[PDB]
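Participant: One structure follows; several queries about it will come next.
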Amino acid sequence: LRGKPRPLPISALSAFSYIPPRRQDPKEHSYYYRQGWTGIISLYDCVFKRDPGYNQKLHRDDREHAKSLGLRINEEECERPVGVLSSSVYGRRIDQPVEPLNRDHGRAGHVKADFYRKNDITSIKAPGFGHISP
Amino acid sequence: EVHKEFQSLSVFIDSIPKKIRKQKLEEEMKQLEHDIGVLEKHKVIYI
Amino acid sequence: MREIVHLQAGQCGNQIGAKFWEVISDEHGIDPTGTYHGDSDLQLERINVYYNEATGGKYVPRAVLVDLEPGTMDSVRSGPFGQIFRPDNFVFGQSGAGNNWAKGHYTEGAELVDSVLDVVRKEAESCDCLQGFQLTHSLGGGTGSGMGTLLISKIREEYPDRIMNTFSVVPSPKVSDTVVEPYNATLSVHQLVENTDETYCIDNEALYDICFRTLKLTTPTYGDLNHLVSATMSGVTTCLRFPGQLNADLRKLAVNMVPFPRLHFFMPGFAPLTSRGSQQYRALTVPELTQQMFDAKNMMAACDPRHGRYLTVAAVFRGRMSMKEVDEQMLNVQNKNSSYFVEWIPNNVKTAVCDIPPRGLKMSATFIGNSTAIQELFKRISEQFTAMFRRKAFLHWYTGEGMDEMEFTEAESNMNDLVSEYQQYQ
Amino acid sequence: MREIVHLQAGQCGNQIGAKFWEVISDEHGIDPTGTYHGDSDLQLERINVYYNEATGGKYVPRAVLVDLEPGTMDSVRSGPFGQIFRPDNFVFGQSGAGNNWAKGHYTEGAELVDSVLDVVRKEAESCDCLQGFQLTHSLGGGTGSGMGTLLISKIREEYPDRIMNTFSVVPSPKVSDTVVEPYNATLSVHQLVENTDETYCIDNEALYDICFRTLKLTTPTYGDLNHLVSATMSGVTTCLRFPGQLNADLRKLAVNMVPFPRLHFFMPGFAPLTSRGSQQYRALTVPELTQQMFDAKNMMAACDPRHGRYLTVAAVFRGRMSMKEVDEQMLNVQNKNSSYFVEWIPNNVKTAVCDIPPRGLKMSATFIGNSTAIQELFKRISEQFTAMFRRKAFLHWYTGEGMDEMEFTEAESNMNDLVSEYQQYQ
Amino acid sequence: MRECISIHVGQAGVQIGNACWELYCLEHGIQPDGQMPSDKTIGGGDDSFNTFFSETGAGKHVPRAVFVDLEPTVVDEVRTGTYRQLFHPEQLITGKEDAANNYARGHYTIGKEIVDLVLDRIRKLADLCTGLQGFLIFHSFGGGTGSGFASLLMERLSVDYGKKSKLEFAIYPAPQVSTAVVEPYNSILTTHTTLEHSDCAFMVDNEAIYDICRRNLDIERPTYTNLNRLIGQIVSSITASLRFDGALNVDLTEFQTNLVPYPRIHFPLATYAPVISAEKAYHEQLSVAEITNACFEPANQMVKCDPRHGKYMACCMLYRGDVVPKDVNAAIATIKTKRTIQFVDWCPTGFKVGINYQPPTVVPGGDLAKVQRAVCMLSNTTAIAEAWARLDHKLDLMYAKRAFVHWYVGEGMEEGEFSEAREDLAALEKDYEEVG
Amino acid sequence: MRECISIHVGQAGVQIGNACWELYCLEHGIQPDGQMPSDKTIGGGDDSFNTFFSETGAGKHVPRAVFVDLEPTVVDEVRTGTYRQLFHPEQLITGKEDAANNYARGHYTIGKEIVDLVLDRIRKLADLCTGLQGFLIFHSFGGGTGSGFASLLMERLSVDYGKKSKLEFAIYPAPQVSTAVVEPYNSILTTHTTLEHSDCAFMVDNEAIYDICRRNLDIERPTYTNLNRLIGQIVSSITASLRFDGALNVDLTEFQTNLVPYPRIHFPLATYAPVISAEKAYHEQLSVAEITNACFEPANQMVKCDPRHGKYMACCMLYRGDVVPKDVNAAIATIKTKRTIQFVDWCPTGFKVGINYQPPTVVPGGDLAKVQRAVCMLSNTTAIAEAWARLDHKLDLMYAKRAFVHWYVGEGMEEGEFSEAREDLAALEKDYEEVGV
Ligand SMILES: Nc1nc2c(ncn2[C@@H]2O[C@H](COP(=O)(O)OP(=O)(O)OP(=O)(O)O)[C@@H](O)[C@H]2O)c(=O)[nH]1
Ligand SMILES: Nc1nc2c(ncn2[C@@H]2O[C@H](COP(=O)(O)OP(=O)(O)OP(=O)(O)O)[C@@H](O)[C@H]2O)c(=O)[nH]1
Ligand SMILES: Nc1nc2c(ncn2[C@@H]2O[C@H](COP(=O)(O)OP(=O)(O)O)[C@@H](O)[C@H]2O)c(=O)[nH]1
Ligand SMILES: Nc1nc2c(ncn2[C@@H]2O[C@H](COP(=O)(O)OP(=O)(O)O)[C@@H](O)[C@H]2O)c(=O)[nH]1
Ligand SMILES: [Mg+2]
Ligand SMILES: [Mg+2]
């Protein structure tokens, strides 16, 4: 017994509100389909060991996830079936095609790639080497 | 543990025994910090 | 991305915030020691809406916990997550308000707010952009109705463009734990009208009715009422910190809601509240959620909405649904309840859809509503004030600190015009 | 190669200097016995600024320590690091002063001044290129302000081009240690304004305020006060000993700091001061360091700067960093409270950055700033002089050793001329 | 060389543009990171992707679009989404604040400071392109940042780029189902701005496509993904002939020369006929003669407006797929004999037909079945006077006691624009009534 | 053949040189040891390292410059740094009791005893130079030893070496931010000596490179290393013609004879166009129009100014890498069709194009990506004079109060030197206001 905050009278504990340090069941417990971060094993590393470095892409040092720098969200819903956001449906089933695309009716440009050469002026030049004719 | 004991103390101190308790927590912190620092200074430790 | 500073006042505010920073704590999934222990990275992107950070994944709440006694902050530290709060914003007094408004506003609290302002201004200038100033206090207490009202009146002289929401705990109409409560009630009501942007009224006995009829608890402790109110606390601002199909921050929750400067009194609700004996006997979808809002039996104010007409209503939805039925049933509750809405406004309900539910809940929603029944909650305090001031009772506690008599007459005179302009919209 | 000679008068300045040399010894990493044990090489590159070499690799300090009684050298000899001081660098007097200017200035300190001048000339021609001299003493003492100020007078004739900086110890505002403190302090303040180029004001009341409210220490002793001063003393000589992107020695910190001759009264501070119970809740990044300087409660002179107005401000940083964030935040703190700066000089802030922080930290700063608020540090002492000299109360302790009458009036006249010169720039 | 520039304003524009650019990268062989597995060297030169993509030297072609929003909560997940390697980071304009359902916020306080960035990127995109055709503005009437910022954008691109093409893919608020109380405010005062800085404006309204999904597509409880995909299909069928080959090609220049008779009657509509699932069309043929009959019925339009009380003036038919023009000729030969679909007396022809040789590519997971023929009608009718009468009626109902004005007057506005924005709508009503 | 001697005076000069010379070593095959290995040569006379690197018969190339400072801190730092064996010990000059942000040290007996050693250094360095082309100056106005001692060095250089080309890469005070309080007068009375003894004046502004880095590269921690890398890039691209082949080569003579019309008007601006991170490099194509159009944007300036309010006078396109001349001509023809870009009447042509075939080189662990097209505009304009107006106002705000004058006159000088220090700047401001109208 080191110090206990005289836990509670039983007239205060009720049948709705109890939130622990959630350990979560293996895999299948959350709306997010993951286990949960293991976390730092000891706060002494957080408290007495801070490497001094202004990591080049974040406005302050207290905003380590400013432009989502480090958050791997896009990879994370590639491992669970249903996208948790209503924006991951946009471009999900494109690795499995429904129909191969045609490539006949297009807008191929011919007057700007066959009429113009790069640079030689070869009209006033003799043919030269390797000039087999039909 | 001893930091969690420290964070549970009173917000303001007026009484003598709270002062002595806070000082004792302080010196236990210093002993633990000194041991951790003397062990983390080098990679090879003689014993 | 949009900083919210959590202001506090009194034992009411401290007890409510002690589980605000439970519900927000486990919604983002932190440890009691302040380290992130969630599952996904959706909860890690928007930690800065409510939390400042540090190195090593150590997150502290951005709160200003302040009262006039040091006997309650140690009770705050004795809670389950009391070790994430800071000692710098542990501003305390030496003497007690003792359930009077005089010594919370002019004598004691007038000196103490000179340092609470310093703590807030240090916190407000330590970010990118404040959205506004949330606070929880009691209009029936001494250091909540007195020092919180003074803090409200003192802040808005420096930031005149921010949006503040008072999540006030109004006195109950039936049970009155303090006799001199209808003094502090009017003496705060005269001050919230001319300054605050939207006022959320929470009533204790209505919460007891919620916990009895909608939850079927036997012995409801305060940790249920404060948890319910903290659920709607998180549910009001859920679109700021999580993505969705149609988001609603605190700014657009008032321009869609208030029609007039003197008329801003709201009253909230929470939909997915069901007992433990009848939770498998109902399918949960958009219909049962839309049904449960618009009855008087889920409301957290002490007024019947049948006696008045809603001017306008907001509604925030959380989770993943299809919203076509959402619009269908908002139109349905406009169609049936035509007598309960005014006929000089075309559309009256804001629909906002997030994409993330609470922990332990999967389709949740939050009611915020302006009604023309709140003046029922105000005339009872008014009639008690007129019936008890007329015998000039309890004046020595409200004159001996340097106050006057004309301020009580101004508090009386301010109520009737507000009641009249509310009643003109009937 | 720009070496500095330290002078120590009295037991006050010797007590400060024991902890000063403690901190310098710790941060340059030399033994209690006088052998270098630091791991890095950067602590040896400019070691001659504070420690002359000797036989056997011993780094003997170049310090002059003189006192009028032999009592207090036994403490500094029997300290932790007291075995490194050179044995013959101590000059003692048989009879001490005991709070009088006359025995330190004309009777016993005048006979003893040839020995301290002897060792000063002996240790001043043993250096390559002397930068200047440093003296720590007490204005309210008898042989600090009596004898060490005569050292100022003699060295100013001997080396008229070097820089003089004094870390003087001004009397506290409320509680005074000695009743004859104003006499001995004004009789040296009058002379200090001619023979010095820098002056730093330290009081123990504001230091107790810092050690109580800021660091939350249990029982603050004079050792903690000496350590807090010694942090500032070691801060100002950073770039002389260590590299960096923007150096600042003692000489650049004077031309950038005081515009006129007789306005060299500075008033310092120190940045990384956090409570032991609040270490984990904040990080000492750029705004949390640049905010604490321009706060009133972190300052080592007991005058509130909001009553006055700053003239020029310094900041000497350490650790690995860059200048976009600091030069944004100094402009933010210079443009927000523009009413706290005079407008007849465009820029007011001086910025230095070194790369090596002190041990146990990673980012530090050192405030140096003259202000119009230093005038009130001298208003109380001038009014004390005028209140007590008009009653001719304590005259007989001084006149018995051969003083003059109207010299007190001349000291008062120079004191009030400094008053009239400081007040114009408000 | 036939480039076009798309501007998406507001999160309505962003969520429509996500689906429309999905259809863009899928209608070509474009990988979601923006790479071409079959470049111009292999399989002959191609230029159909140049109308929506800018091929860089390394093959990582980037889209030609700007997405602007004040709140960054809708651009941040597409900054870290499935299309996060496609768009250039500076084509994603984000602010700090939110317009918050207000015309005043997005036009007079926060509008004035971020416009210089979106103009900079639009000017850079215009210098990037050599052959631009016009503008394709995606925004919503009823928002705050889709109504203030959009209108303030157009009022300045009109003075910058001069006489160009401005084609609105605008979202109209509904007659019966609404989201904001303040919706009749930002939908009226922005009409006082658009009426001279615009050329054509298709209104698309939400419960219209809800009814389309619940009736023809047979999907119960659809979502916003099942709406923006149809909008992207409409938009790609509009610009279909500009990037493929057929019997008759249509450019964006002849929309305003064939559908706009007067400067103030420039409000056409949209209709997509062959929207039907893979159950219902699985065993029934869809010819050209009856996919033109289904479009003229009110149970397939994209705005609640009854054309039986209206008078059609100018319609254009961008057909698509394996269709030969004799069945088209028979198709308009059938419908001109119908009295119930009645044209105005002065317009003899009132019709325009373009043909493309491309079947509509089907997004996987999208419920639109593989069809051979697609018709994109853009009817211009005078029946929209019915749509504006109820909006002015509810504006008269709620402004009668000056509701919501006190927060609409301190943010850089006054009562004058509120007073004059109703006379403009009355003039529009009388202008649409004198023609019909 | 085309040797160039570079002068770095002041700790700002040492810090700029510590990155610029790293770039100069990387653009050739020069290791930090100082020997070009066998696998990075051509196989005969290269004659491209001879501009900045000498040749000692032991295969060692020594830098052709001087690093001069009066405090041994930064000089000792480069003496213990990674490039210690590159520079010879006599090529670095130290001193004691530094100038300490003061011009009064500039003309004193301690400031007159050390210029002879650096002049000996220049004399014996330029004697090895068969084809010496000029002097490039690196110093700072805001410091003491950058502004005071370099003034005497340039005065005695103009006395000794006669009419010669001297161009300075000088650091100017920034408009909002500053470092020293005594920076105004230390810059004003060192501007007085750079009018009669200079040929061109490239000014930089630290907060401009700060805002450039923020707006273009998404970079926090702009240290002096990140700024001096860009300063190294521009000084490399201005001397690129002397080293590598190209279509049109711009010598320093044909830059001055095209860029400074009058002896009193030598004040270019500066811009480096393709500043873009590695992440943004894959998305934005770098074509000639799309790189040359960013130089005329005032948000991309290297000196905080607005050329829209002023009038351009002359320009100097310095292209690099693969460049097709007809796109340069087409963009220049397009450039002439913006009314925002206004030109003075007496310069109808107003352009000068240099083409070099060598692509830019990228330092490892640096800022910019591998870019193959570069633009370096040195555009003289009358809009550089608003900095002088702010400096004259900001000195007039300090004077008539005798602020910080006692250290100026107590040290060996005269208080009368301030009187003409505003008269000549009023003359210069009226010169720049008389030319543009
Ligand atoms: N069909 C369709 N409608 C949408 C979409 N996104 C938003 N809307 C509708 O557009 C209407 C107006 O919303 P917005 O224009 O986006 O409002 P806003 O742009 O957020 O304006 P602010 O709140 O001030 O930022 C809403 O009622 C939605 O119903 C979408 O992706 N598709
Ligand atoms: N861009 C850039 N600016 C610098 C650099 N170093 C110094 N400066 C600027 O130059 C100004 C002059 O500072 P210093 O170089 O330290 O002073 P100094 O020229 O060495 O003169 P002394 O202080 O007497 O030694 C400062 O205000 C800085 O802003 C650098 O490496 N890069
Ligand atoms: N809902 C709720 N009400 C509370 C709580 N604590 C106190 N109250 C109510 O607050 C009212 C008076 O508040 P009071 O004790 O005077 O607050 P004080 O001024 O801070 O002391 C009582 O009638 C209680 O019902 C709580 O945790 N939850
Ligand atoms: N901060 C601090 N002040 C000291 C210390 N020792 C003495 N003093 C100050 O010195 C003054 C008394 O000096 P005094 O003994 O008369 O000096 P003396 O004449 O040389 O003996 C007091 O006002 C103290 O404030 C110390 O260790 N720390
Ligand atoms: Mg929006
Ligand atoms: Mg120097």
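Each chain in the structure tokens gets a letter, A, B, ..., in the order shown, and its residues are numbered from 1; ligands are numbered from 1 in order too.
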Chain A residues within 12 Å of chain B, counting only C-alpha atoms: which ones, as a VMD selection string?
Facilitator: chain A and resid 1 to 5 42 to 45 47 to 49
Participant: Can you list every residue in segment 309-346 of chain E that DSSP puts in strand (DSSP E), as a PyMOL selection string?
Facilitator: chain E and resi 312-314+317-321
Participant: Could you tell me, counting only C-alpha atoms and all ligand atoms, which protein and nucleic acid residues lie no more than 7 Å from ligand 1, written as a PyMOL selection string?
Facilitator: (chain C and resi 246+252) or (chain E and resi 10-13+15-16+70-71+98-102+139-146+171+178-180+206+224+227-228)
Participant: Using N, CA and C atoms, can you write the selected residues to a file as a PDB file, in the first residue's frame?
Facilitator:
ATOM      1  N   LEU C 246     -21.244  16.012 -44.499  1.00  0.00           N
ATOM      2  CA  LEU C 246     -21.620  17.418 -44.384  1.00  0.00           C
ATOM      3  C   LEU C 246     -21.314  17.853 -42.959  1.00  0.00           C
ATOM      4  N   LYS C 252     -21.141  27.852 -37.835  1.00  0.00           N
ATOM      5  CA  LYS C 252     -22.333  27.662 -38.651  1.00  0.00           C
ATOM      6  C   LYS C 252     -23.476  27.010 -37.890  1.00  0.00           C
TER       7      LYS C 252
ATOM      8  N   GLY E  10     -16.073  24.878 -52.760  1.00  0.00           N
ATOM      9  CA  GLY E  10     -16.812  24.287 -51.665  1.00  0.00           C
ATOM     10  C   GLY E  10     -16.649  22.779 -51.614  1.00  0.00           C
ATOM     11  N   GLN E  11     -17.077  22.192 -50.491  1.00  0.00           N
ATOM     12  CA  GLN E  11     -16.980  20.742 -50.368  1.00  0.00           C
ATOM     13  C   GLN E  11     -18.014  20.022 -51.215  1.00  0.00           C
ATOM     14  N   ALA E  12     -19.104  20.696 -51.594  1.00  0.00           N
ATOM     15  CA  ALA E  12     -19.972  20.151 -52.633  1.00  0.00           C
ATOM     16  C   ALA E  12     -19.203  19.975 -53.933  1.00  0.00           C
ATOM     17  N   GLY E  13     -18.437  20.998 -54.317  1.00  0.00           N
ATOM     18  CA  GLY E  13     -17.595  20.888 -55.493  1.00  0.00           C
ATOM     19  C   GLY E  13     -16.503  19.848 -55.339  1.00  0.00           C
ATOM     20  N   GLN E  15     -16.540  17.051 -53.391  1.00  0.00           N
ATOM     21  CA  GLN E  15     -17.100  15.709 -53.436  1.00  0.00           C
ATOM     22  C   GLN E  15     -17.690  15.359 -54.796  1.00  0.00           C
ATOM     23  N   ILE E  16     -18.152  16.345 -55.569  1.00  0.00           N
ATOM     24  CA  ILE E  16     -18.506  16.058 -56.956  1.00  0.00           C
ATOM     25  C   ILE E  16     -17.253  15.802 -57.786  1.00  0.00           C
ATOM     26  N   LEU E  70     -12.592  26.919 -48.005  1.00  0.00           N
ATOM     27  CA  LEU E  70     -12.071  27.630 -46.845  1.00  0.00           C
ATOM     28  C   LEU E  70     -11.759  26.675 -45.701  1.00  0.00           C
ATOM     29  N   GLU E  71     -12.704  25.815 -45.343  1.00  0.00           N
ATOM     30  CA  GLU E  71     -12.408  24.806 -44.333  1.00  0.00           C
ATOM     31  C   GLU E  71     -11.589  23.684 -44.962  1.00  0.00           C
ATOM     32  N   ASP E  98     -13.913  29.052 -41.845  1.00  0.00           N
ATOM     33  CA  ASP E  98     -15.048  28.485 -42.555  1.00  0.00           C
ATOM     34  C   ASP E  98     -16.022  29.613 -42.859  1.00  0.00           C
ATOM     35  N   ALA E  99     -16.590  29.594 -44.070  1.00  0.00           N
ATOM     36  CA  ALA E  99     -17.543  30.633 -44.450  1.00  0.00           C
ATOM     37  C   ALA E  99     -18.829  30.532 -43.649  1.00  0.00           C
ATOM     38  N   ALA E 100     -19.193  29.316 -43.234  1.00  0.00           N
ATOM     39  CA  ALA E 100     -20.259  29.059 -42.266  1.00  0.00           C
ATOM     40  C   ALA E 100     -21.601  29.615 -42.739  1.00  0.00           C
ATOM     41  N   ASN E 101     -22.060  29.097 -43.885  1.00  0.00           N
ATOM     42  CA  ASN E 101     -23.414  29.327 -44.403  1.00  0.00           C
ATOM     43  C   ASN E 101     -23.735  30.809 -44.594  1.00  0.00           C
ATOM     44  N   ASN E 102     -22.729  31.635 -44.858  1.00  0.00           N
ATOM     45  CA  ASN E 102     -22.924  33.077 -44.903  1.00  0.00           C
ATOM     46  C   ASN E 102     -22.406  33.632 -46.217  1.00  0.00           C
ATOM     47  N   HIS E 139     -19.845  24.420 -58.091  1.00  0.00           N
ATOM     48  CA  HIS E 139     -20.131  25.078 -56.822  1.00  0.00           C
ATOM     49  C   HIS E 139     -21.611  24.896 -56.514  1.00  0.00           C
ATOM     50  N   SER E 140     -22.019  25.351 -55.330  1.00  0.00           N
ATOM     51  CA  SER E 140     -23.393  25.201 -54.877  1.00  0.00           C
ATOM     52  C   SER E 140     -23.968  26.551 -54.474  1.00  0.00           C
ATOM     53  N   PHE E 141     -25.234  26.769 -54.841  1.00  0.00           N
ATOM     54  CA  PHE E 141     -25.928  28.016 -54.517  1.00  0.00           C
ATOM     55  C   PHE E 141     -26.122  28.201 -53.020  1.00  0.00           C
ATOM     56  N   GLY E 142     -26.470  27.133 -52.311  1.00  0.00           N
ATOM     57  CA  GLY E 142     -26.951  27.268 -50.951  1.00  0.00           C
ATOM     58  C   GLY E 142     -25.897  27.327 -49.871  1.00  0.00           C
ATOM     59  N   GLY E 143     -24.622  27.220 -50.222  1.00  0.00           N
ATOM     60  CA  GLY E 143     -23.565  27.240 -49.236  1.00  0.00           C
ATOM     61  C   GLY E 143     -23.119  28.644 -48.890  1.00  0.00           C
ATOM     62  N   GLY E 144     -22.039  28.710 -48.117  1.00  0.00           N
ATOM     63  CA  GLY E 144     -21.414  29.982 -47.818  1.00  0.00           C
ATOM     64  C   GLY E 144     -20.138  30.194 -48.606  1.00  0.00           C
ATOM     65  N   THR E 145     -19.299  29.162 -48.677  1.00  0.00           N
ATOM     66  CA  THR E 145     -18.081  29.221 -49.470  1.00  0.00           C
ATOM     67  C   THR E 145     -18.296  28.766 -50.904  1.00  0.00           C
ATOM     68  N   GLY E 146     -19.468  28.229 -51.223  1.00  0.00           N
ATOM     69  CA  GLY E 146     -19.780  27.865 -52.588  1.00  0.00           C
ATOM     70  C   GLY E 146     -20.637  28.923 -53.244  1.00  0.00           C
ATOM     71  N   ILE E 171     -25.436  23.538 -58.053  1.00  0.00           N
ATOM     72  CA  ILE E 171     -26.379  22.742 -57.276  1.00  0.00           C
ATOM     73  C   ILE E 171     -27.538  23.644 -56.878  1.00  0.00           C
ATOM     74  N   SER E 178     -34.845  20.876 -47.664  1.00  0.00           N
ATOM     75  CA  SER E 178     -33.765  21.833 -47.509  1.00  0.00           C
ATOM     76  C   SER E 178     -32.927  21.464 -46.296  1.00  0.00           C
ATOM     77  N   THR E 179     -31.684  21.932 -46.314  1.00  0.00           N
ATOM     78  CA  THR E 179     -30.714  21.667 -45.262  1.00  0.00           C
ATOM     79  C   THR E 179     -30.491  22.857 -44.344  1.00  0.00           C
ATOM     80  N   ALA E 180     -30.424  24.069 -44.880  1.00  0.00           N
ATOM     81  CA  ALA E 180     -30.144  25.253 -44.082  1.00  0.00           C
ATOM     82  C   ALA E 180     -31.361  26.169 -44.036  1.00  0.00           C
ATOM     83  N   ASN E 206     -31.077  17.870 -55.649  1.00  0.00           N
ATOM     84  CA  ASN E 206     -30.647  16.612 -55.036  1.00  0.00           C
ATOM     85  C   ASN E 206     -31.761  15.570 -54.958  1.00  0.00           C
ATOM     86  N   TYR E 224     -24.160   9.821 -51.172  1.00  0.00           N
ATOM     87  CA  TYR E 224     -23.551  10.889 -51.951  1.00  0.00           C
ATOM     88  C   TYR E 224     -22.623  10.362 -53.035  1.00  0.00           C
ATOM     89  N   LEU E 227     -24.541   9.843 -56.308  1.00  0.00           N
ATOM     90  CA  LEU E 227     -25.004  11.077 -56.927  1.00  0.00           C
ATOM     91  C   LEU E 227     -23.913  11.750 -57.737  1.00  0.00           C
ATOM     92  N   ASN E 228     -22.733  11.913 -57.138  1.00  0.00           N
ATOM     93  CA  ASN E 228     -21.614  12.542 -57.816  1.00  0.00           C
ATOM     94  C   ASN E 228     -21.108  11.701 -58.979  1.00  0.00           C
TER      95      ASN E 228
END
Participant: Fewer than 2 positions away in the same chain doesn't count, so skip those; otherwise give me all residues within 6 Å of segment 311-318 of chain D, counting only C-alpha atoms, as a PDB file with C-alpha atoms, in the first residue's frame.
Facilitator:
ATOM      1  CA  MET D 257      22.483  47.708 -25.512  1.00  0.00           C
ATOM      2  CA  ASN D 348      15.352  47.126 -29.846  1.00  0.00           C
ATOM      3  CA  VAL D 349      16.270  43.414 -29.688  1.00  0.00           C
ATOM      4  CA  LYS D 350      19.694  41.769 -29.971  1.00  0.00           C
ATOM      5  CA  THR D 351      19.810  38.072 -30.879  1.00  0.00           C
ATOM      6  CA  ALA D 352      22.682  35.613 -30.381  1.00  0.00           C
ATOM      7  CA  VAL D 353      22.558  31.871 -30.989  1.00  0.00           C
ATOM      8  CA  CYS D 354      25.124  29.312 -29.873  1.00  0.00           C
ATOM      9  CA  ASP D 355      24.873  25.592 -30.589  1.00  0.00           C
ATOM     10  CA  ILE D 356      25.838  23.971 -27.252  1.00  0.00           C
ATOM     11  CA  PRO D 357      23.148  23.984 -24.532  1.00  0.00           C
ATOM     12  CA  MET D 363      17.448  25.144 -25.357  1.00  0.00           C
ATOM     13  CA  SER D 364      18.295  28.101 -23.126  1.00  0.00           C
ATOM     14  CA  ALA D 365      18.201  31.885 -23.147  1.00  0.00           C
ATOM     15  CA  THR D 366      19.592  34.806 -21.161  1.00  0.00           C
ATOM     16  CA  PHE D 367      17.756  38.111 -20.796  1.00  0.00           C
ATOM     17  CA  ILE D 368      19.687  41.377 -20.596  1.00  0.00           C
ATOM     18  CA  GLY D 369      17.714  44.591 -20.747  1.00  0.00           C
ATOM     19  CA  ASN D 370      17.993  48.185 -19.661  1.00  0.00           C
ATOM     20  CA  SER D 371      14.709  49.927 -18.933  1.00  0.00           C
TER      21      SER D 371
END
Participant: Can you pull out every residue with an atom within 6 Å of ligand 2? Use only C-alpha atoms and all ligand atoms and format it as an MDAnalysis selection string.
Facilitator: (chainID D and resid 246) or (chainID F and resid 10:12 15:16 98:101 140 142:146 179 206 224 227:228)
Participant: Write down as a PyMOL selection string the residues of chain A whose backbone DSSP state falls under helix (DSSP H, G or I).
Facilitator: chain A and resi 43-48+73-76
Participant: Could you pull out the residues sitting within 6 Å of ligand 4, using only C-alpha atoms and all ligand atoms, and write them as an MDAnalysis selection string?
Facilitator: chainID D and resid 10:12 15:16 97:99 138 140:144 177 204 222 225:226
Participant: Calculated over only C-alpha atoms, which of the candidates D:272, D:56, D:132, D:402 has the smallest distance to chain F?
Facilitator: D:132
Participant: Show me, as a tab-separated table, the residues of chain D having an atom within 12 Å of ligand 6, each with the closest atom pair and its distance in Å, using only C-alpha atoms and all ligand atoms.
Facilitator:
residue	atom	partner	partner_atom_place_in_ligand_line	distance
D:239	CA	ligand 6	1 (Mg)	11.7
D:240	CA	ligand 6	1 (Mg)	11.7
D:244	CA	ligand 6	1 (Mg)	11.9
D:245	CA	ligand 6	1 (Mg)	11.2
D:246	CA	ligand 6	1 (Mg)	9.4
D:247	CA	ligand 6	1 (Mg)	8.2
D:248	CA	ligand 6	1 (Mg)	9.3
D:249	CA	ligand 6	1 (Mg)	10.3
D:251	CA	ligand 6	1 (Mg)	11.6
D:252	CA	ligand 6	1 (Mg)	10.0
Participant: Atom CA of residue 253 of chain D and atom CA of residue 126 of chain D, how far apart in Å?
Facilitator: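 Computing it gives 25.4 Å between the two atoms.
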Participant: Need to verify the contact set: segment 214-218 of chain D, 9 Å, only C-alpha atoms, exclusion of same-chain residues closer than 3 positions in sequence. Can you return it as a ChimeraX atom specification?
Facilitator: /B:19-20,22-23 /D:209-211,273-277,297-298
